[PDB]
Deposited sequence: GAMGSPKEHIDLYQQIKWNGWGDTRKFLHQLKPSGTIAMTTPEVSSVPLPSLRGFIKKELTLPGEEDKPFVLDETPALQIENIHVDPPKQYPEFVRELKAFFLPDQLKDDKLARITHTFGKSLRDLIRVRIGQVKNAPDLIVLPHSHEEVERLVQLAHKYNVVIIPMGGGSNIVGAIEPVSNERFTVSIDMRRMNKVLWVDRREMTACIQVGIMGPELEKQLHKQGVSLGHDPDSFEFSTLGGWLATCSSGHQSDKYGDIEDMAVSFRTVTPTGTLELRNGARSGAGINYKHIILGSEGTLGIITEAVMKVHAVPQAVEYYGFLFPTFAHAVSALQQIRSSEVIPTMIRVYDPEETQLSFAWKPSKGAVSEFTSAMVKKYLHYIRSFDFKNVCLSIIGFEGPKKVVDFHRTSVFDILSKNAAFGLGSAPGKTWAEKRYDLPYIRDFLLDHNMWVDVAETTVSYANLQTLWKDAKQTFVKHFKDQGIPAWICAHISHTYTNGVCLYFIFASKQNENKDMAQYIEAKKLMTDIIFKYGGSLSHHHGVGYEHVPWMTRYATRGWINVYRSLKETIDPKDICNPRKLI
């Protein structure tokens, strides 16, 4: 047995066996993966050179060179844990502790990379079942011990990081509770241990003919319980609904008892989005759907960002909407084509041909997907394609199943490579009305570029649209520079374009009732 915390990078993203690196002789960048031989990416080096000027090397510290204060001691608590849990279910070695300290924001990565580990948990517990979680929480309440559940640790808001250090603190790693317990194909529901990781969930559901359909960009390295405790957004939500809609019921172990769910109050909304501050979700009954009989993904190009946005609007107004759509601005478009694996070219050829008639400085890629019954897919496809025709979309063709849409999963791998070579990249996500969209998009990019160009520093910024609403979009900025304010600059300008409480007392009452001792992820 290797635990997930050992298989996922302790100072970067995702699988330890998957990473970008440079190949001899010429410094070609290549993607190593566990299943496939290293795949060269011939254009990527040239792209990084163009946009941001040998690559300077800035390796992270090795784990033996990282100092972590010894764990606190709580002999009597630990004794009671020892009497119930197996030895392999309790860890306090350095690796264990570091990996249960940090999420995956840039702030986390920077800090772990330079060895700044100021508030590790004292102990990691890996329970096997709901009944073991109940015992652990019983004991944590009895002894006044802080508990912080962790799934993938992919959050970017510091949600798993211990805040204080007065009490003994335990990280409850949920990832050994990773079984689909049953699938009811008549109710179309599945009961699922929430420590399960995205691709493991989908693989186990597929075996029974079903799927969940929740697809955040962190799909590969985040868990069902994490999705539920954060209310994360998914990129097939137009078809399958938001996570809160997919959640029929779930069990929550709290300091004051297990809370069970089945015109009055709908109590699931008290726990969804609570970030481990109100107890530990253990098992969830989720709404599933039959594996779709038709799955079709298509790429398109638009002469400008304005044409794409226009199609986005018209598609939404026609009321016949794709399962997934994403629109890439010209910079993210160029990055998408610069990332063309020579191993493992037809659409790269269509893009090169297109950019002879239309300026590449302006060309946007769109990826559009459809799933469902053949008849439904056919109707939706034909409806959207007709709207695409009216907005000067140029078709790049299909490719086959879902893999046009699983290339967003590779992006965080690029961040690690950048961090290793004197660069950083960060993101800002905003909702913005169509009225302000093209003006904020243009102004944010020009402002950010010029602020670094005016100091003699290279800097690059792209954007994509991932979600559309009645009167707006979700706009996602990615911005990169060289290692030496930039967050504040993007934030100020987002606010300057309309881009995105007695309830405190209601929450306080819930929290004091549910968690009298404030042991649950105290904030």
{"item": "Regions left out of the model, expressed as runs of the deposited sequence counted from 1", "value": "1-8, 62-70, 280-285, 368-373, 514-522, 539-558, 582-584"}
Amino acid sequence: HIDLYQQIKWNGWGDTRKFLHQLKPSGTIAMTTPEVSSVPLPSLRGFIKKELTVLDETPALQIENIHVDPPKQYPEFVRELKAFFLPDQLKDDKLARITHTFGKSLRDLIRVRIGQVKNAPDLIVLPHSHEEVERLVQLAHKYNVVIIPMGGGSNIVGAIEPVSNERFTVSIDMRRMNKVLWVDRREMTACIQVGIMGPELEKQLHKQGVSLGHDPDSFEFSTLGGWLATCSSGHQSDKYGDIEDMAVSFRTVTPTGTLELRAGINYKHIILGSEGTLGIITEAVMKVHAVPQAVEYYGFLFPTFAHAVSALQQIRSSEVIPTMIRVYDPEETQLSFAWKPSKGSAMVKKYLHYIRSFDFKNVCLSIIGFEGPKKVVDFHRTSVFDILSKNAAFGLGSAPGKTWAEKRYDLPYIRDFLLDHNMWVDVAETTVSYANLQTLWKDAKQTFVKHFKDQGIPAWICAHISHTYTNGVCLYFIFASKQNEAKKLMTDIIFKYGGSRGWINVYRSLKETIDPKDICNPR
From here on, numbers count along this sequence of modelled residues.
item: Average Cα temperature factor in the PDB entry - higher stretch of 395-403, 374-382; value: 395-403
item: Higher-scoring stretch by recorded Cα B factor average, 316-324 or 272-280; value: 316-324
item: Per the PDB entry, maximal CA B factor within 341, 75, 103, 292; value: 341
item: B-factor third for the C-alpha atom of residue 25 within its chain; value: middle
item: Chain thirds of CA B-factor: placement of residue 250; value: lowest
item: B-factor third for the C-alpha atom of residue 501 within its chain; value: highest
item: Cα B factor band for residue 437 (lowest, middle or highest third within the chain); value: highest
item: Third assignment of residue 108 from its chain's C-alpha B-factors; value: middle
